[PDB]
Novice: 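I am attaching a structure below and will ask some questions about it afterwards.
Atoms within each ligand, like the ligands themselves, are counted from 1 in listed order. Values below: all heavy atoms of this structure, side chains included; hydrogens, waters and symmetry mates excluded. Chain letters run A, B, ... following the sequence lines, proteins first and then strands; every chain starts at 1.
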Amino acid sequence: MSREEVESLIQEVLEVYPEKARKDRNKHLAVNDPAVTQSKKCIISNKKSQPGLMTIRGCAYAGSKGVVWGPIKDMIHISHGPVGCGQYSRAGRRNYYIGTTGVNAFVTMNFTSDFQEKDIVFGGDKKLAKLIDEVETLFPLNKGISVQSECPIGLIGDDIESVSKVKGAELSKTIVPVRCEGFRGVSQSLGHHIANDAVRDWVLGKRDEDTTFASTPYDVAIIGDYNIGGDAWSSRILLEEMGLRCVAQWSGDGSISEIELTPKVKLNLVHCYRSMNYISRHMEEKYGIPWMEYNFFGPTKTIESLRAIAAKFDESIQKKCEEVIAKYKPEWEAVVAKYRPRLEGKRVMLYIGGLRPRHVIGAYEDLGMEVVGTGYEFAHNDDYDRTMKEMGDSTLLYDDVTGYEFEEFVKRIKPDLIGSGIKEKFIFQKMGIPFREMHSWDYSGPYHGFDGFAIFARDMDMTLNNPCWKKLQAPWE
Amino acid sequence: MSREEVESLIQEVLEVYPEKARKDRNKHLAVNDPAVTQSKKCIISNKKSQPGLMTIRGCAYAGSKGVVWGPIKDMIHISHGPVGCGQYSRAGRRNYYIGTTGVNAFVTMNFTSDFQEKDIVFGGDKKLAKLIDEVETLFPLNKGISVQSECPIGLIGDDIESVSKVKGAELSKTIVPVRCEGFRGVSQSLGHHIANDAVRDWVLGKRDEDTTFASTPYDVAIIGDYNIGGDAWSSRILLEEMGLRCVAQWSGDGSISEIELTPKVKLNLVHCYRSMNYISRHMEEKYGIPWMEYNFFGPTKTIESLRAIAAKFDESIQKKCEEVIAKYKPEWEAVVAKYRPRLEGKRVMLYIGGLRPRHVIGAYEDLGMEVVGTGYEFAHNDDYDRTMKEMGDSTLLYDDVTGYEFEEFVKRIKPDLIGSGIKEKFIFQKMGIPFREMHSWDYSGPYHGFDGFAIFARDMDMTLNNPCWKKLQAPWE
Amino acid sequence: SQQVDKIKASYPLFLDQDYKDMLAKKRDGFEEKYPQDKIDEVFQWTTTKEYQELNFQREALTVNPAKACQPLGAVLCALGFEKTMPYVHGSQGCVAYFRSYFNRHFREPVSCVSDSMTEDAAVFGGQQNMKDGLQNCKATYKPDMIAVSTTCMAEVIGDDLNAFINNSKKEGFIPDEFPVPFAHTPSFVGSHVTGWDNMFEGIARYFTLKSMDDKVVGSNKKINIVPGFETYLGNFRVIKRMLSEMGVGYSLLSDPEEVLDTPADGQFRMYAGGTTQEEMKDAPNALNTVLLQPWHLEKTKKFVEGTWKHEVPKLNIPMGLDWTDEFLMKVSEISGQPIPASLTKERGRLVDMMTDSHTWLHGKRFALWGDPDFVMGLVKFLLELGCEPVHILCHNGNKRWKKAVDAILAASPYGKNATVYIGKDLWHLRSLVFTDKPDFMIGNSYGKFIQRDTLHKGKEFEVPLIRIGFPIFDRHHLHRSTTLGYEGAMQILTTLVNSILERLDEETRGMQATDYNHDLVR
Amino acid sequence: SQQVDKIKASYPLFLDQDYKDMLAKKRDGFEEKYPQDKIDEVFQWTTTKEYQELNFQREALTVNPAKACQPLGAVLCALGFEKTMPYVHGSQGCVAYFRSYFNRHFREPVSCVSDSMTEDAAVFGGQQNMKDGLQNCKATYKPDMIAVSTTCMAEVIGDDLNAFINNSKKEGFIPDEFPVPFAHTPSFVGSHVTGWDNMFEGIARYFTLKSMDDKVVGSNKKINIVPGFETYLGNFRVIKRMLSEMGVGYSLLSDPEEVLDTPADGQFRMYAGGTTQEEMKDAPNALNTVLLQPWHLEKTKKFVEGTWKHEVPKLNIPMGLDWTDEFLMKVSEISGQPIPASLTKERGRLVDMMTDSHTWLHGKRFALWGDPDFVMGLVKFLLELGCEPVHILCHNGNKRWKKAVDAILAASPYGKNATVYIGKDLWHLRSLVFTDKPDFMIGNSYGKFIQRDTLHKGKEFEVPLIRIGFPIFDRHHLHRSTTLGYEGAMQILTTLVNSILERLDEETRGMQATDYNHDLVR
Ligand code: ICS
Ligand code: CLF
Ligand code: CLF
Ligand SMILES: [Fe+3]
Ligand SMILES: [Fe+3]
């Protein structure tokens, strides 16, 4: 509580900044009010980062190559440019898949054009064509090539679209040029937008004239779930026992054929609204497929989501949904009975990219834990409108928080647990506050659905109640 | 080399001893003369060691349990007494075998009575009977029990023979009591004798009245080969290619049934004379089975031994022996052509137990290496009779050599290679001299036969010519 | 389904029958997967020699490289100075990736800032970005120094760092006396070690170029040590310990071991230790300068020999036995300090372990990859142990380095089967280990996938990986190890012999099949 | 048949078709082997709970013990003194076995002599043996001191060591001023640690009992350190280093670290380092005496308290964070020296490693065995890490130690599923790990066989072994490791976490089967 104290803390943290930096950062820190439904009057998001402030945001290449296009397993993705970008993003995100790597799957592989000085001076279109020829020679079982651009590609004037068109016509292949240069935009959000535009323009409409796919009234697509530690599989199994047929899965463990078959489904189940709203709206306007969001974080949210999804179909799906809920109830009741006494009353602070800070709240509350602070790296204002109603009164909200700002906020609030990325993990560990990686699930998971709730509760208990947090002060100090 | 210098060196080494120790040790060092046939006039062996002089000799328990009885795989061997002996002798000898350990094979397993103070005061016969009952309960697939005595068993008034007789009558199981206490004798040779006597008294005559085993004129038994590193196997295949049938091998990879079937063979091929001449002579007197010695160390000795064995049979076996020699000639010829230039002209000293100091000389000479010094831990005078004709002019011979003696001899002679046990290995390795373990083959092998000669040559080359021997002196000194 | 008493993570929860059936249904219905026999045929073809000729004909496609870009090394070099903030002029995604990489390797916080350059700076340049970034960084994190590097963005648009910083100081965004060394680090040139060299040269030029009038060589009775790109704290520690035992005055320039090994006691330290500005200003007064990794410190060597007038010795990396001896004798000659008995005893102990384990090391075949100096030192040490390198790979090597490595190999009979590859990636190495199978691989974590592929061909074709190098992501606290000196040689020797013995134990664990060779004593 | 280019040792030479046919012919012809179905049935029976109930009913049979006899520990204690010759009164086979054991564990020369007592001494005694042995050893090997222990033969016969040595000195076999301490070490009492305690008490009584009139406690401002039976050189080194950093005067008694780590420089050093006779004579003048392993130093504690008038602190082994902290605080209180900042930083770094690895280490189940002090220290460390000790076994433990370890387990929530066994051997532990499967085993090389057995039941039933303890025969240079203090805690933590990660990597290497969890970053 103590909204006045929260505002005073915000002011005290903000004093250190210069005039322009202070004025800019004042609009991105706010005190929550659930009665407020317009976050635009409360917080400002999706703006440029102040220079030299140790930001956490990535680039559009990370949003496009690392998030959207990367999990597609039967496609080869070329990091067009110098060596660093594909090397730092190689196998860094745990988007799980089934396949033979190097033969028919290429997710954890790093294909790059390896730009040198001559490529910068004279261009890399000829090198790109030769690279495409060599890719086709060495990897015959690939089902498509996407070329993800880095900053020099956009800065030197390379016509990747023409090369992609000529090579695709020559080899009868789908080659997708993505102009995801890192200097475009302010964060990964523009990368998501550009990747969705590329999917719409080059892949989505490849079977408009094709009608050889048999369609059923219970055909659904999973949108925005990237199978982090098997999350998409854990959601898909629940959808399957409910009687539905999951045709496509974007994009974790996804294939180009599933993307092309998506316009044939009857309903879109959007997991990440932030990174896939563009394509879901395009599908709704073009093919007339309705889309709806679902939350599978914790038993309550997944019961509500399952019932909402089953309401979109006839009575048989509703009976199957009730049967699934009845079947899975004892398991999560046992999980709650085991792990609620050890986690009741704890306070949580969160800072994740664009969807989880508001999705994981229900999962945290089902274990008797309260969230006192949250924030986003690149979320838009609609995400904040969705989040503000799901938080308690006078809780802290931070957009594009800096290292110093989050440091001081955590110092003052003193939560029992913090969820953020790898760049805050060791900092908060050295503070002595338990930390959970909310991007990679700390190399654990899945956390979606009933099967993921048990893992989530076990991880929460094992990190919060670990003895190492009690051993930071030497006994002679 | 230079007989007078060798005698002078012997005198300088003896100079440091006290008068009694010096007088005793004067009789155990000699300068070899191949013309001399009887070693009693030059060297003295099989005598008690001088106290406090760091002998390498073991005990009778080591020579009985660790050498003769241990390799028997389907028997369980109890170490009657305190816990140390079986612990130090467990899996220290590389007698290879085929079987399921803990179910039907027990070579690497340590069985002991674990004597306490109360067992010392009040005996251990009742404990022995209870232990035999427990062994019968927990290891039903064992095919016999041996009870190897340690020092307190013979020191206190224990009577294991009566216990073994009663338990064998009760359980219809073969139980062999071995009075192999440590303080008997002066070394492992008395352990060999005691173990052979136990074999003769309790096991060998079990199938005297049984005539259900079909016999052929080509039945041979390997005696004294303990399958070190697979050595016995590397010999047996050759015997099988000659057309002979090997009914038993004593005792590496050996079974009690093979021991009982031994009195049915036509020939006894004795490898280790020292440890099994007793049983070979007993079988010659009782069953009339002839025995001959053979040597499979190096191509020359192997060929000569194969020809000598074949001459004991009909012409078909001789023809098969010629075919085997012709088949294996190119392989050992290639091994020589590859490794002799790297090992030509090198000088080596050996200190091993009862057989190998003279058995491996031919294999070294096949590679162009000269043996300049040799010695035994527990050999008798007949072993030295064989060695003197086996060895060269003015070479050094030592019996029960001490650590000080061996170090001084090695310092004066400066050999290129030393072959001895684990207790001199690191002593000579720190001295800057290549060292090969001639008991366990340095955890390599086998060294018998044509296939073992290649491994032998490779090991000698790899140790003699290692770069690490040229790096022992710091460049700044 | 999950049992409360035994909860299953992703492995092996998805090996359950329901998940397996779901995955099979998905594959058979909507993935249009190739037939399994076709996949097996293609894998077999990729394991063949013809695929190796097709792979080595590549000219424009790079698959699984073994190098990074220059600003990463520039950041690592900047981290080694006291209260110094690494500042990369360009896009923030690069800094995010650098921080993630170093956090995953060192498992420690890594501090770095960017000026967040965007399309507006892509059109008009990043002068305002530089001014505001310098002001904000100094006001927020209070550093004593800001070390500036560049990304490919600013390099392509041709931003002038010197003019930008001069304008920032002139207009009052940052104080004139505030140290802001800078370096141009084009990522399309060289690799991260080149960036380290460029940043170190920039810092040295900033602190010494204009004040060389009063400098006398050998005046402070110290020896300058330039380590280069290094990711083992044990290497810094062993160098410092060896120099302290000899009683030799030294100045370790760019020393990051304190800031990468901070304790956990309830407080956060953005800065810890590092080379002071006094050391950097007094460096020209040293007797000489020693470069630990000369094959990527060429610009530093040119600056030191030309400006500081130090006769830098021709020393290899102090790795193994012979090169450590040469380094110690050169240091003793330069400083006039005799080598103590402790170092002699340590060398004797290393020789003793070499003598003990020579039997197991002899004849073993290794693939290896990494940075040039590390690779050549590893090759030298493996030659000293009697091991046989056959495939030597260095993605960021050049022709002179290859000539030096060939000269090293020709001097030993164990280098007769070795081939050196420069400009080849890990797909080439996968093809090489398939066509000419070695016993072991030595390299960073990226080699693990290669091992997986080998296991797909068969257990007899599997090539185990030994994790020595950078980056190691799948093991904990391996960055605390040492590769330099006698102690590093002992650690490497222990690791290699133990890898051999674990492989032998695994291959002979079959009961009644291969367990006849499962020896208790090895 | 052999190929000269690729020569095969026993493995895999004996896997050839001809050797396989030869072995099969031998087995079906002359071995009279049981049918394979019967062997499989008996193995499956031995893996069951009924077999465990039968196995725990054993009262007379010991199968695969985890301890040695007293004279081995007596020899190890005697090796820790300067120019001291271990001399065992009894039979020579015991000395041969002791030397082989220590040679295999340490890979170093081990010196020990015996009087070679034979059947003649069984009725006359070993008095002449003692005289001749003392004279010969002094004449030949030139020791400054001879430390005498006994074998079971001499104990059963009843040889009076004191009378024998006095008569040897009286008749001129050795000088009267030559130090010859002695101890009775019956092998049927206790184990090797008991022998170490007996030998140390004998040496202390020889050098201090009769000259206590001029001894004043605290005169030399030192603290005596008694390490006990130790086979890690790193433990001696780390204790010395930690006490040196505190600036604390200390006297390590029975330090064999130098004699077990002699350099290989072209000469053989029979003696190296060790506690001097002056230190042992001055020991009663110390401030206090600290016993690092108090659970096998009871006789030493009694002698030090009752004779030296030293108030021996009640301290556990300095294993793990809490016990290391307690040891450091007790040393600081005794010596009046503040704990330095370097040790605080090292403690913080260990805490940081714990924080980094806690997710992988939490909830893991361990079977474990060893010596009492080592076992309880490792149990305490595992409890501190959030791990779950399950099967705690100590063949040489007693009931009081059992009560203490149960008290330690009850104080932690992670000890709920922990059971402690004393007097049980490794066949008992094999049954335990079959019936109640843990995740890993911790122990000496003798556990490898157990692992093999588990692999025979199935891959999902295999329990990997972690080699921490004595003796280690199948790995090289592991005796150089550290298990005491923060350094030892970090080494043990690294070993455990990397064993877990390597097991996970092995379990997820199957292509298109389990490699979805083959993560690059762990
Ligand atoms: S795509 Fe986005 S940062 Fe929606 S870029 Fe990021 S696998 Fe986060 S909060 Mo990493 S908008 Fe997914 C995300 Fe959320 S990589 Fe994952 S966890 S739900
Ligand atoms: S914002 Fe994004 S990650 Fe940055 S470059 Fe731009 S697309 Fe890429 Fe790869 S190579 Fe290195 S890290 Fe950059 S500086 Fe040249
Ligand atoms: S000469 Fe031989 S090995 Fe020696 S005891 Fe005697 S039979 Fe045995 Fe086992 S227990 Fe220890 S080692 Fe001895 S002293 Fe008592
Ligand atoms: Fe850390
Ligand atoms: Fe050694």
Novice: Going by the atom numbers of ligand 1, which of them fall below 4.0 Å from some non-hydrogen atom of A:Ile352?
Specialist: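 Counting from 1, the qualifying ligand atoms are 9 (S).
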
Novice: Answer yes or no for A:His192: is there an N/O/S atom below the 2.8 Å cut-off from atom 4 (Fe) of ligand 1?
Specialist: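 No - counting backbone and side chain alike, A:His192 has no N, O or S atom under 2.8 Å.
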
Novice: May I ask you to check whether B:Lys430 brings an N, O or S atom to under 2.8 Å from the Fe ion (ligand 5)?
Specialist: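 No - counting backbone and side chain alike, B:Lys430 has no N, O or S atom under 2.8 Å.
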
Novice: Under a 3.5 Å distance rule, please check whether A:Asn196 uses its side chain to pair with a backbone N or O of A:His192 as donor and acceptor.
Specialist: yes

Novice: Which is closest to atom 17 (S) of ligand 1 by heavy-atom distance: A:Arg356, A:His271, A:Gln188?
Specialist: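 Answer by nearest heavy atom: A:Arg356.
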
Novice: Give a yes or no on whether a salt bridge exists between C:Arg480 and C:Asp261, defined as a side-chain N under 4.0 angstrom from a carboxylate O.
Specialist: yes

Novice: Side chains of C:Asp474 and A:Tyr443: donor-acceptor distance under 3.5 Å anywhere?
Specialist: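 Their side chains do not contain a donor-acceptor pair, so the 3.5 Å distance test is not met.
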
Novice: What protein heavy atom sits nearest atom 6 (Fe) of ligand 1, and how far away is it?
Specialist: A:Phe378 CZ, 4.2 Å

Novice: From the N, O or S atoms in C:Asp352, identify the one nearest to the Fe ion (ligand 5).
Specialist: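 Closest to the Fe ion (ligand 5) among those atoms: OD2.
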
Novice: I'd like to know if C:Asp352 pairs up with C:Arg347 as an ion pair, taking the criterion as any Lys NZ or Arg NE/NH1/NH2 lying under 4.0 Å from an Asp or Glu carboxylate oxygen.
Specialist: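 No, no charged N to carboxylate O under 4.0 Å.
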
Novice: Taking the six-membered ring for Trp, is the centroid-to-centroid distance between A:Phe428 and A:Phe406 below 6.0 Å?
Specialist: yes

Novice: Show the atoms of ligand 1 that are less than 4.0 angstrom away from any heavy atom in A:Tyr226.
Specialist: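 In order of numbering, the contacting atoms are 1 (S), 7 (S).
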
Novice: Rounded to the nearest 0.5 Å, what's the gap from CZ on A:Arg281 to OH on A:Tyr273? Could you check?
Specialist: 6.5 Å

Novice: Of the protein's non-hydrogen atoms, which lies at the shortest distance from atom 10 (Mo) of ligand 1, and what is that distance?
Specialist: A:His439 ND1, 2.9 Å

Novice: Hey, does the side chain of A:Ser39 reach the backbone of A:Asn381 with a donor-acceptor pair shorter than 3.5 angstrom?
Specialist: yes

Novice: Distance only, no hydrogens: is a donor on one side chain within 3.5 Å (strictly under) of an acceptor on the other, for B:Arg436 and B:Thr463?
Specialist: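 Judged by distance alone, the side chains do pair up.
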
Novice: To which of A:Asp383, A:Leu355, A:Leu350 does the heavy atom nearest atom 18 (S) of ligand 1 belong?
Specialist: A:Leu355

Novice: To which protein heavy atom is atom 4 (Fe) of ligand 1 closest, and what is the distance rounded to 0.1 Å?
Specialist: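 Looking at atom 4 (Fe) of ligand 1, the protein heavy atom closest to it is A:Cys272 SG, 2.3 Å.
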
Novice: Does the residue A:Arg93 have a heavy-atom contact with ligand 1, meaning some pair of atoms that are separated by less than 4.0 Å?
Specialist: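 A heavy atom of A:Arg93 does come that close to ligand 1.
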
Novice: So which heavy atom in the protein is nearest atom 9 (S) of ligand 1, and how far is it from that ligand atom?
Specialist: A:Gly354 N, 3.2 Å

Novice: Looking at C:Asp356, which of its N, O or S atoms is the nearest one to the Fe ion (ligand 5)?
Specialist: OD2

Novice: Check D:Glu108 and report its N/O/S atom nearest to the Fe ion (ligand 5), by atom name.
Specialist: OE2

Novice: Does A:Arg93 count as lying over the ring of A:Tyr226, i.e. NZ or CZ under 6.0 Å from the six-ring centre, within 45 degrees of the axis?
Specialist: yes

Novice: I need the atoms of ligand 1 closer than 4.0 Å to a non-hydrogen atom of A:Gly353, numbered in the order shown.
Specialist: 3 (S), 9 (S)

Novice: Regarding A:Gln249 and A:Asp225, is there a side-chain donor-to-acceptor distance under 3.5 Å anywhere?
Specialist: no

Novice: Touching ligand 1 at all, A:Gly63? Heavy atoms, strictly under 4.0 Å?
Specialist: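 So A:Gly63 does not count as touching ligand 1.
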
